[PDB]
């Protein structure tokens, strides 16, 4: 009876900071990779990267510019993504999923959430 | 002490680890 | 600096024949391949990922197989609404690169 | 570079007898390394993968061995464990990949 529910759509004015959350439960959160997927509306997906809460190692997509950083909190076992200055490119919807376990080699993102839409206007 | 079996869990599989060390000319980038 | 091409671009065959399209990258991509369906008034959306995980409610008509440099596509049941643009899709744990794509239309 | 016989060798030496081979007088394609991620783990400290192509390095060192999955955590700066303490200690300011 494990269910994962993401936050709802958020619309914020330019120049404001927005933080989105994705919560995992019923398992060791730090023992499973959390995968993030971005998609511009009207276009395809752009896979940006996934972060292990064990060491907070951050891997960037080849089109990265260093504007956005990923941080995770081990006290509450909840994944977070923060934007210090929202811009036009931040307008998209994001998917958070449980990636392949660090022990397994065959990649998989087991479960699909409903997604979280971020709009900057 | 190391358990390597075909019927073991996927977690106990061996991993190849290669570490590149730099210590402070012949090898460079793939040309330009 | 990177110049890749897809051939053949257009194929002609009788009814019931098998049509296979192949797209290659600069290096081996193992089995990192997905299939996207693009509608005229809708955006492409990933339905089956890794070709081994099926989301609830996703039709089974989409499938993928093959690894290395040779790939084969099999149609369980051809449908009139199956016309779309198929994109060769390679990806890794660092990022993703869009291929040029090949536009194929069936009358 | 003679990386085909090193990375794709049928058998690797033991961890206590890890084989180190000097590599020189060749061109290394790092674009394969950073443009593709068939390798599950890619941890670089002190260097940027982007500047690898635009920089020239001398006296390249490569250590290869075989270990288990759960010990990847212990090989990290500011970390404790049985291996890092009683088997082999790495510098905190280690630079490499």
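All chain D residue numbers match Swiss-Prot; in order, they span 336-432.
How was it done? The header gives electron microscopy, 2.8 Å.
Cβ atoms here come from the backbone N, Cα and C positions, even for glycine.
Taken from Swiss-Prot, the feature disulfide bond covers D:336-D:361, D:379-D:432, and the record attributes it to experimental evidence. Per Swiss-Prot, N-linked glycosylation site is recorded for D:343.
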Find, among the disulfide-bonded residues listed as D:379, D:432, the one whose Cβ has the highest number of other Cβ atoms within 10 Å in the structure shown. D:432
State the three-class DSSP label for residue D:336 (disulfide bond), counting H, G and I as helix, E and B as strand, and everything else as coil. coil
Whole-number Å value for how far residue D:379 (disulfide bond) lies from residue D:336 (disulfide bond) (Cα to Cα): 21
For the residue listed as 'N-linked glycosylation site', the number of neighbouring Cβ atoms whose distance to its own Cβ is within 10 Å equals 7
